[PDB]
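The structure file target11.txt is reproduced below (compact mmCIF, C-alpha atoms).
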# COMPACT_ATOMS: atom_id res chain seq x y z
CA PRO H 69 -49.89 36.19 -114.04
CA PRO H 70 -47.12 38.92 -113.98
CA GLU H 71 -45.22 37.49 -116.96
CA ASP H 72 -46.10 39.98 -119.72
CA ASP H 73 -45.70 42.85 -117.27
CA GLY H 74 -42.51 44.56 -118.41
CA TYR H 75 -42.01 47.46 -116.02
CA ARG H 76 -43.63 48.00 -112.61
CA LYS H 77 -46.35 50.50 -113.65
CA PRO H 78 -46.16 54.32 -113.56
CA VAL H 79 -47.02 56.62 -110.67
CA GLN H 80 -50.53 56.43 -109.21
CA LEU H 81 -52.45 58.03 -106.34
CA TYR H 82 -51.38 61.53 -107.38
CA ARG H 83 -54.39 63.43 -106.04
CA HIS H 84 -54.86 61.88 -102.59
CA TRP H 85 -51.15 61.84 -101.64
CA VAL H 86 -49.90 59.05 -99.38
CA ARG H 87 -46.45 57.79 -98.25
CA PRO H 88 -45.15 59.80 -95.33
CA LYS H 89 -41.45 59.05 -95.00
CA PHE H 90 -41.44 56.50 -92.14
CA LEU H 91 -37.72 57.04 -92.41
CA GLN H 92 -36.38 55.06 -89.45
CA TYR H 93 -37.24 51.80 -87.72
CA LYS H 94 -35.22 50.55 -84.78
CA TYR H 95 -34.46 46.91 -85.56
CA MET H 96 -33.22 47.76 -89.05
CA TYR H 97 -30.63 50.04 -87.46
CA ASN H 98 -29.82 47.23 -85.04
CA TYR H 99 -29.17 44.86 -87.95
CA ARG H 100 -27.02 47.42 -89.79
CA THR H 101 -24.90 47.99 -86.69
CA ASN H 102 -24.78 44.22 -86.15
CA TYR H 103 -23.22 43.53 -89.53
CA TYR H 104 -20.12 45.53 -88.53
CA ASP H 105 -20.09 45.40 -84.72
CA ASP H 106 -17.71 42.45 -84.31
CA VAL H 107 -15.06 43.76 -86.71
CA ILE H 108 -15.14 47.31 -85.34
CA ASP H 109 -14.87 45.87 -81.83
CA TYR H 110 -11.92 43.72 -82.86
CA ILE H 111 -10.00 46.58 -84.44
CA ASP H 112 -10.67 49.31 -81.90
CA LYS H 113 -9.71 47.08 -79.00
CA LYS H 114 -6.73 45.98 -81.08
CA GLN H 115 -5.30 49.48 -80.89
CA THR H 116 -5.86 49.25 -77.11
CA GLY H 117 -3.46 46.29 -76.84
CA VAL H 118 -5.97 43.64 -75.74
CA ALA H 119 -6.00 40.57 -77.99
CA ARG H 120 -8.91 38.63 -79.46
CA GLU H 121 -8.99 35.88 -82.05
CA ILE H 122 -9.90 36.64 -85.66
CA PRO H 123 -13.49 37.87 -86.19
CA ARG H 124 -14.96 34.63 -87.48
CA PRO H 125 -18.05 35.39 -89.60
CA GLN H 126 -21.39 34.71 -87.93
CA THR H 127 -24.68 33.47 -89.34
CA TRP H 128 -27.94 35.39 -89.12
CA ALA H 129 -29.07 33.56 -86.00
CA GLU H 130 -25.57 33.95 -84.58
CA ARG H 131 -25.81 37.65 -85.41
CA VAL H 132 -29.17 37.95 -83.63
CA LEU H 133 -27.81 36.21 -80.53
CA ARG H 134 -24.83 38.57 -80.65
CA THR H 135 -27.22 41.52 -80.81
CA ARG H 136 -29.24 40.20 -77.88
CA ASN H 137 -26.02 39.73 -75.92
CA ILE H 138 -24.90 43.29 -76.61
CA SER H 139 -28.37 44.89 -76.33
CA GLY H 140 -30.79 42.65 -74.43
CA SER H 141 -28.31 42.15 -71.60
CA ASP H 142 -27.83 45.91 -71.28
CA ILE H 143 -31.58 46.56 -71.18
CA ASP H 144 -32.36 43.49 -69.02
CA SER H 145 -30.06 43.02 -66.01
CA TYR H 146 -31.62 42.44 -62.57
CA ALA H 147 -29.48 39.65 -61.13
CA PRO H 148 -28.85 40.95 -57.56
CA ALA H 149 -31.93 41.15 -55.30
CA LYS H 150 -33.65 37.80 -54.75
CA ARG H 151 -30.30 36.18 -53.94
CA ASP H 152 -29.56 38.53 -51.04
CA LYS H 153 -33.20 38.38 -49.93
CA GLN H 154 -32.94 34.58 -49.72
CA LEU H 155 -29.59 34.84 -47.92
CA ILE H 156 -31.25 37.15 -45.37
CA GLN H 157 -33.31 34.41 -43.72
CA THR H 158 -30.41 31.95 -43.87
CA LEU H 159 -28.31 34.47 -41.95
CA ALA H 160 -31.20 35.04 -39.55
CA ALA H 161 -31.28 31.29 -38.88
CA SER H 162 -27.50 31.43 -38.42
CA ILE H 163 -28.01 33.87 -35.55
CA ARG H 164 -30.96 31.81 -34.31
CA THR H 165 -28.71 28.73 -34.02
CA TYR H 166 -28.26 29.39 -30.27
CA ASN H 167 -31.41 27.38 -29.39
CA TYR H 168 -30.17 27.11 -25.78
CA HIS H 169 -27.57 24.50 -26.91
CA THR H 170 -26.02 22.65 -23.93
CA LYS H 171 -26.20 18.91 -23.04
CA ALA H 172 -24.31 17.20 -25.93
CA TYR H 173 -21.71 14.44 -25.69
CA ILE H 174 -17.98 13.62 -25.68
CA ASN H 175 -18.06 16.00 -22.70
CA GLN H 176 -18.21 14.11 -19.40
CA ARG H 177 -16.10 13.16 -16.37
CA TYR H 178 -12.77 14.53 -15.09
CA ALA H 179 -10.91 11.36 -14.15
CA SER H 180 -7.16 11.30 -14.77
CA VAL H 181 -6.84 7.50 -14.76
CA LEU H 182 -6.51 7.93 -18.55

Just give me the structure of the file as structure tokens.
Amino acid sequence: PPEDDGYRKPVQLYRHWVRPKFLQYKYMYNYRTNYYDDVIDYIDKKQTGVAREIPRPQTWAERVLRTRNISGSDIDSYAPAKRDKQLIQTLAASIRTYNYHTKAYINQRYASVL
């Protein structure tokens, strides 16, 4: 249908007025920063003396995983809690190991006949 179209039509909707700016959206900024993050990281830690291999180019999915690694990890990090809670009862059992002990074996007699 849009073959004999030429241009993309003049201005419309003059009287009502629409189109507030909507100037910024977050993930677009994330993508823009993503396209340069690896190279800027490489260079600015290069002046610090720490070494890294060449910034191999990354694909879009690779870029998104990179972004999640640099952003999702920062916003989502709750590793320590359940581990120590689970270790709590193991330690409690470790104290509880007394259980009156005693009896046992390889412990009998006093004879010196060898």

*Would you mind listing what lies within 12 Å of segment 91-97 of chain H as a PyMOL selection string, with only C-alpha atoms counted and same-chain residues fewer than 3 positions away left out?*
chain H and resi 87-88+100-105+132+135-136+139

Only C-alpha atoms, please: the residues just picked out, written as a PDB file, keeping the file's coordinate frame.
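Listed below is the output, again-v3.pdb:
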ATOM      1  CA  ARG H  87     -46.450  57.790 -98.250  1.00  0.00           C
ATOM      2  CA  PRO H  88     -45.150  59.800 -95.330  1.00  0.00           C
ATOM      3  CA  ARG H 100     -27.020  47.420 -89.790  1.00  0.00           C
ATOM      4  CA  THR H 101     -24.900  47.990 -86.690  1.00  0.00           C
ATOM      5  CA  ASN H 102     -24.780  44.220 -86.150  1.00  0.00           C
ATOM      6  CA  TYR H 103     -23.220  43.530 -89.530  1.00  0.00           C
ATOM      7  CA  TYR H 104     -20.120  45.530 -88.530  1.00  0.00           C
ATOM      8  CA  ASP H 105     -20.090  45.400 -84.720  1.00  0.00           C
ATOM      9  CA  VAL H 132     -29.170  37.950 -83.630  1.00  0.00           C
ATOM     10  CA  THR H 135     -27.220  41.520 -80.810  1.00  0.00           C
ATOM     11  CA  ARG H 136     -29.240  40.200 -77.880  1.00  0.00           C
ATOM     12  CA  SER H 139     -28.370  44.890 -76.330  1.00  0.00           C
TER      13      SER H 139
END

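Using all atoms listed in the file, the nearest neighbour of residue 106 of chain H within the list H:86, H:138, H:129, H:147 is H:138.
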
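Atom to atom, atom CA of residue 98 of chain H and atom CA of residue 134 of chain H stand 10.9 Å apart.
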
*asked:* Please compute the atom CA of residue 131 of chain H-atom CA of residue 109 of chain H distance, one decimal, in Å.
replied: 14.1 Å

*asked:* What's the separation between atom CA of residue 168 of chain H and atom CA of residue 156 of chain H, in Å to one decimal place?
replied: 22.0 Å
